[PDB]
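Colleague: Sequence plus experimental coordinates follow:
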Amino acid sequence: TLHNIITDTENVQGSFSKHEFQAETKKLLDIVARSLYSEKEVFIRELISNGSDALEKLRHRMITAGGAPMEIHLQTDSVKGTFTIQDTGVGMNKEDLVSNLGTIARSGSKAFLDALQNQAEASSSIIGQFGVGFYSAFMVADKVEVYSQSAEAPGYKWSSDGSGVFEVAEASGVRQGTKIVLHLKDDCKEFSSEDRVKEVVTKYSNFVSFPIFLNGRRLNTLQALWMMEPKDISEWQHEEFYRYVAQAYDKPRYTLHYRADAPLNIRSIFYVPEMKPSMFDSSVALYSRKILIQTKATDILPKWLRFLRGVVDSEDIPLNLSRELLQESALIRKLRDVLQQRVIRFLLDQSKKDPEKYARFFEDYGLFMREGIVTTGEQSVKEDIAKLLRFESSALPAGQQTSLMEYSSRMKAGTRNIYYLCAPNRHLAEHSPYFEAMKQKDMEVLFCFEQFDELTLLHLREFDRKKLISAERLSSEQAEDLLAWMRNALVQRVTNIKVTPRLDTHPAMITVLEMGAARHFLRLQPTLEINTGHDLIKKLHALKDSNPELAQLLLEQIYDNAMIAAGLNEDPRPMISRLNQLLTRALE
Amino acid sequence: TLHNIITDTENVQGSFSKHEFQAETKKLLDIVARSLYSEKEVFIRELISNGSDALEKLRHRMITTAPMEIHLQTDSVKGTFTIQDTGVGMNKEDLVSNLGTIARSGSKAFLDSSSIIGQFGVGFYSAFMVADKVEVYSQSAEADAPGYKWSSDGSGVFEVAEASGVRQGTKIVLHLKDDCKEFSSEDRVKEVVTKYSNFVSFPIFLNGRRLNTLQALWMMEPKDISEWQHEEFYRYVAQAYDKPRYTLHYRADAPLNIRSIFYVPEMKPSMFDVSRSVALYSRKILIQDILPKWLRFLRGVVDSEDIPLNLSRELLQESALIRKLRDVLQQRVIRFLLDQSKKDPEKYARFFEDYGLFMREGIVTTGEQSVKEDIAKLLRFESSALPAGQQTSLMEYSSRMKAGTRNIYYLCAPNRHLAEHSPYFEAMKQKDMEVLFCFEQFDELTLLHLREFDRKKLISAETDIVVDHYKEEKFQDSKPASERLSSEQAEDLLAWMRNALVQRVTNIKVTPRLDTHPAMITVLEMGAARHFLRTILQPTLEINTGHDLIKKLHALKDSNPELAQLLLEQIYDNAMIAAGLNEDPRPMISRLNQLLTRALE
Ligand SMILES: Nc1ncnc2c1ncn2[C@@H]1O[C@H](COP(=O)(O)OP(=O)(O)OP(=O)(O)O)[C@@H](O)[C@H]1O
Ligand SMILES: Nc1ncnc2c1ncn2[C@@H]1O[C@H](COP(=O)(O)OP(=O)(O)OP(=O)(O)O)[C@@H](O)[C@H]1O
């Protein structure tokens, strides 16, 4: 029932020829100047990047052959519609003008990197690699003019329109550096506006090492903090940087400055906002050699760590030809694993340095850990994230938190079972029929009140090589006569009316068998328990026959009071109208 | 004060020399095979699309009969991926010019329909990402041509030799490198085909078995698609098991080219996925926002011939068109959802009950006022001029308003019975205005961010009651003066209440606007006060001197003064609960139980 035509029937017949690969140049220029970048505004990023490379080469030459400042200069002409950019770097002679700008995929900045020592400072700051970034000017310009003056012993002019030809001629007088003039298109006249160009520079090239002037005014007044020593950075510097990199306006409660040299080069700073996120609403930016690649990174961090803010910079991460994506690499997948373990080991340290501060962190961002244990499919990671979880216990007072490592610490030496009971509040967990069995023979049980706590431990399955298993006055006849009267007035409200001695001050309480049904009600088969020794109960027994219309309101109120005290009713607005009627009839 | 270097000073000296742009071919192939495509798997997509182009060149050629299909074979033992199509094939000249030249595309000179995927001329070189050796056997059409074998290692050179036994078409054999042994697996290759090339207009065979290629339903007439076809297509693009309750098949040619299908799942949206969706295609090939954040519940596919692709075929090149395309789709979905309330209001009442949280998000998280009001047309409330259970909208509220009115009054309550008997509604019934009833949790937060609708201000009932104090309090009680406390008995009672509620209320005043309730708490910005408590204030207690509970409170302060204070604290708590401003209602049960005991003798 199969059908395939691929068969080994071909054989080499005769001799063969030899040819080299070619390249249609006229078509290739159009590819770079159109179908390469998702935005037209990219040309500003590349021309500034090519200028910074020219500035870095001159700085490196002045180390051994030391001899004006550096920095790059821009200018916009809103009338003629021209975008001009000029650096005062190394420049280019006539040979380097025809070789570099005239040949696609040729990058003199790449050959410069391969000739330097790997310890040289310019070896980790040159941006060029491929050799096509310059041709992004033809995407927004009908005519490109380049003036350059080399640092050796005449200036030249490089002019082209992007149609497969260019002209070179002498010029005078060209300043030491390289000047580029872009006669913008009609649909690209927005790039002659000082405001629009300023928006583009602050997006990609805001952290260039050298100063950047726009019509005579400096822009990039911001320094890359992820490149400095974590000790020489003050707290007010991180607070000022977090508001920029995260587009927020508060202070980062946690700050992680990670610097590693084992997988590639990691110069990253992570933040945790102090304000809790909500519905009425950036992420971690990806830089490479101080240039923005992705505003919201996708491959370097897991999904459950998207609440982190900051920036991750890598000098040797495989970049895409568009400089806005990353290549599929085993180095990037291992980078995500190292970062996941570092953030876990970092938040664990904050839980020991300040449990009070970590408890505030787990209340706001605790849902991300519960999301991580469920989403991931690696069991060793599910237990690494579980070390961050916090729960209340049955053998501990209310309001105090403990970890799964603390629970396994206090367990009996002859047992290896983690027992938990996920209930709404504590009044429903302490009065659980499945917990009362674990209160006699068995010992400790975890109380998980937070949302999505059940399926988190259900997807956790195993922790610390151990299983998590969900642990799931009035006479004797005067009460029964009152019981039979309460069941008839509460037919379709509760399913069982009991009498228990544990009440004293409260005339009633609400206990529920299954806690999964208690959450579905809060999205039910309650058990109303009555104290035959309370004042309101003995008044209810005496008013069920003397004033049945008055005892009907009291019964409905005692049930509602037990529902509120049990957390089942948090908005007692429906009872206000009936409660006011009870007070007036009780104050006659 | 300024520092500029650029000055018009350069002048051309001597004549110029003309040159031609050149290309470094050895490094061009290195860029394609390493730094062009972000994911290695796309080499299967490019080779399949090259076979679909060759088959389309034969489809157009057969109309001046042979099988037209694509075959894939995986050899995990020899580490070999083989693709063979029965298309036009290439002669010796085509093998050297089309394949041996970067950026050269024979699928461009073929011009003179819209079923050819080839464009740039570099897609064939995507095989070198995963293969050390590429063998290509091609046979031209019925013509004066023999068979040939195209061979290359991927480094600068290639060899072409004549071959026999070359079937009509083209066969490419990829000797996979050890880095990419995943592509010699049948399961892995089938994942790549169904991802990118699941809508190819030709059959695809993998190791002998025919792959279930689907049909591009977004490129066909809507009136030729049955409900059962939209069911099966929704279960694929959304990867679901249910069926869509709504189906929008929107096509357009102005101002943009749009060929899209949208679905609304009949399942309620999982609350775990809301805090934690529509594909994009082009020429039946998968491409990887397009819809606003509040429309993330919709599932489907959007196609547009006006969206340019990049070289790697994974990026959209017009962020302004994407922003314009997003607004056009938003207005269409708004009209589509508005037409669903007209045809079946009961079904839309279910959809608004399951997805209404998305429409409220799109109103709060939007800066444009007109977008706030366009989405607001989808909201549904109940009116005080309509029977219980009947839903209405802001549009229907605006038509009922008289010529003199200029505001839209609304009231938020848990259910209908509380809104009809709310103390804030009894004060509104003295007016002749219509009041909307909002029962959802985040309805008041939405109407505060909406602010106005159709130049009419949204005023909550609790706010309008506070404003009338600063105007003419020309209202009258529901009971005659014989049933109320006298002015001497009222001031004597008001002074005692200010002393027992010193630091809990700003001031206490009498109001003639209550009938059933003894008191109510009024705050100016009541809507924001309820939102701020979801983590004191300046509240105002307004008593009803005709209520039996207040008249008894005036007498209790002289017969049982401690019982009167416990009652006053309870009236304040009840007025705070009914206002939605109550904190934790559990610590008050103690005083309530103690108050009910002393009252019941
Ligand atoms: N402003 C400038 N001053 C001096 N040299 C320059 C300038 N701009 C470009 N060049 C030279 O021209 C060459 C062409 O660079 P091109 O922009 O084509 O690629 P790249 O910048 O090296 O790398 P990428 O293609 O990744 O941007 C570079 O190697 C560089 O040495
Ligand atoms: N299997 C095949 N049979 C016959 N002709 C082919 C085959 N594959 C490619 N060709 C021809 O050789 C040319 C080589 O094109 P190539 O695959 O390199 O890029 P492209 O598909 O034209 O461009 P892009 O992939 O960027 O759209 C094509 O134009 C096509 O006409």
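Modeller: The structure has been received and is ready for your questions. Numbering: from 1, shown residues only, chains lettered A, B, ... in the order given. Ligands and ions are numbered 1, 2, ... in the order given.

Colleague: which residues does whichever residue of the stretch 451-588 of chain A sits closest to chain B contact?
Modeller: Using CB to the nearest CB, the closest approach of the stretch 451-588 of chain A to chain B is made by residue A:586 at 3.9 Å. C-betas here are computed from N, CA, C, even on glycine. Residue A:586 makes contact with A:550, B:596, B:599-600 under the criterion CB atoms under 8 Å, 6 or more residues apart in numbering or on different chains.

Colleague: From ligand 1, how far off is it?
Modeller: Separation of residue A:586 from ligand 1 (CB to the nearest ligand atom, to the nearest Å): 84 Å.

Colleague: so residue A:560 touches residue A:575, yeah?
Modeller: Yes: in this structure, residue A:560 is within contact of residue A:575 by CB atoms under 8 Å, at 4.9 Å.

Colleague: Relative to ligand 2, how far out is the residue of the stretch 451-588 of chain A closest to chain B?
Modeller: 85 Å.

Colleague: and that residue, what are its phi and psi?
Modeller: Main-chain torsions, residue A:586, degrees, to the nearest 10: phi -90, psi 0.

Colleague: Equivalent analysis for residue A:544, please.
Modeller: Torsion angles, degrees, to the nearest 10, at residue A:544: phi -70, psi -20.

Colleague: Nearest residue to residue A:289 in space, please, no chain neighbours.
Modeller: residue A:127 (5.4 Å; CB to CB, 6 or more residues apart in numbering or on different chains).

Colleague: Wasn't that neighbour part of a helix?
Modeller: No: under DSSP: H, G, I helix; E, B strand; the rest coil, residue A:127 falls outside any helix and is assigned coil.

Colleague: Check which element follows the helix or strand residue A:255 falls within along the chain.
Modeller: For residue A:255, the element it lies in under DSSP states H and E is strand A:252-260. Next in sequence after strand A:252-260, counting helices and strands by DSSP H and E, comes strand A:266-273.

Colleague: For whatever residue of the stretch 101-250 of chain A ends up closest to ligand 2, grab the count of nearby residues.
Modeller: Residue of the stretch 101-250 of chain A nearest ligand 2, by CB to the nearest ligand atom: residue A:132 (15.8 Å). Residue A:132 has 22 neighbouring residues, counting by other CB atoms under 10 Å in any protein chain shown.

Colleague: surely it meets residue A:322?
Modeller: No: look at residue A:132 against residue A:322 with CB under 8 Å: they stay out of range, at 10.4 Å.

Colleague: got the residues of chain A near ligand 1?
Modeller: Applying CB under 6 Å from any ligand atom, we find that chain A lies next to ligand 1 at A:46, A:50-51, A:53-54, A:87, A:89-92, A:100-101, A:107-110, A:128-134, A:178.

Colleague: Is the nearest residue to residue A:43 once chain neighbours are set aside part of a helix or strand, or is it coil?
Modeller: Using CB to CB, 6+ apart and skipping residues adjacent in sequence, the residue nearest residue A:43 is residue A:136, 4.2 Å away. Three-state assignment for residue A:136 (three-state DSSP): helix.

Colleague: Ok, residue A:528 next?
Modeller: Applying three-state DSSP: residue A:528 is strand.

Colleague: How about residue A:38, nearest residue that isn't a chain neighbour?
Modeller: residue B:315 (4.4 Å).

Colleague: In contact with residue A:388, which residues?
Modeller: Residues in contact with residue A:388 (CB under 8 Å, 6+ apart) are A:344, A:347-348, A:351, A:362, A:369, A:403.

Colleague: what about whichever residue of the stretch 451-588 of chain A sits closest to ligand 2, how many neighbours?
Modeller: Minimum separation of the stretch 451-588 of chain A from ligand 2 (CB to the nearest ligand atom) falls at residue A:459, amounting to 42.8 Å. Other residues within reach of residue A:459, judged by other CB under 10 Å, total 15.

Colleague: same check, this time on residue A:65
Modeller: 8.

Colleague: what sits up against the host helix or strand of residue A:96?
Modeller: Element membership of residue A:96 [criterion: DSSP H and E] is helix A:94-96. With contact meaning CB under 8 Å, 6+ apart, helix A:94-96 is reached by A:108, A:150, A:154, A:156, A:168.

Colleague: Drop anything exposed from these.
Modeller: Among those, the ones that count as buried by 16 or more other CB atoms under 10 Å in any protein chain shown are A:108, A:150, A:156, A:168.

Colleague: now, which of those sits nearest ligand 1?
Modeller: For the buried ones among the contacts of helix A:94-96, the residue nearest ligand 1 by CB to the nearest ligand atom is residue A:108; the value is 3.3 Å.

Colleague: pretty sure that closest one contacts residue A:100?
Modeller: Yes: proximity of residue A:108 to residue A:100 meets the contact threshold set by CB under 8 Å, at 4.9 Å.

Colleague: Would you point out which residue is most central in chain A?
Modeller: Nearest residue to the geometric centre of chain A (CA atoms, centre = their mean): residue A:306, 1.8 Å.

Colleague: Kindly check the end-to-end length of stretch A:217-232 for me.
Modeller: 29 Å (CA to CA, to the nearest Å).

Colleague: Can you point out the buried residues in it?
Modeller: A:219-220, A:224-227.

Colleague: The residue in the stretch 401-550 of chain A that ligand 1 sits nearest to: which element?
Modeller: At 44.1 Å from ligand 1, residue A:459 is the closest residue in the stretch 401-550 of chain A, using CB to the nearest ligand atom. Per DSSP H and E, residue A:459 falls inside helix A:453-460.

Colleague: about what we covered before: ok, how many other residues are close to the residue nearest to residue A:289?
Modeller: 23.

Colleague: Just to check, it is in contact with residue A:55?
Modeller: No: Residue A:127 is beyond contact range of residue A:55, at 10.8 Å (criterion: CB under 8 Å).

Colleague: quick one: contacts for the residue nearest to residue A:289?
Modeller: Neighbour list for residue A:127: A:49-50, A:52-53, A:109, A:289, A:291 [criterion: CB under 8 Å, 6+ apart].

Colleague: now swap in residue A:206 and tell me
Modeller: A:219-220, A:222, A:292.

Colleague: hang on, residue A:141 packs against residue A:182?
Modeller: Yes: the pair residue A:141 / residue A:182 is scored as a contact, 4.0 Å apart, by CB under 8 Å.

Colleague: Residues that sit against both of those two, list them.
Modeller: Counting by CB under 8 Å, 6+ apart, the residues touching both residue A:141 and residue A:182 are residue A:83.

Colleague: Checking residue A:19 next. Helix, strand or coil?
Modeller: Using three-state DSSP, the structure places residue A:19 in strand.

Colleague: how many other residues sit next to it?
Modeller: 15.

Colleague: And it, how far from ligand 1?
Modeller: Distance from residue A:19 to ligand 1, by CB to the nearest ligand atom: 27 Å.

Colleague: In this structure residue A:446 contacts residue A:396, no?
Modeller: No: the pair residue A:446 / residue A:396 is not scored as a contact, 9.7 Å apart, by CB under 8 Å.
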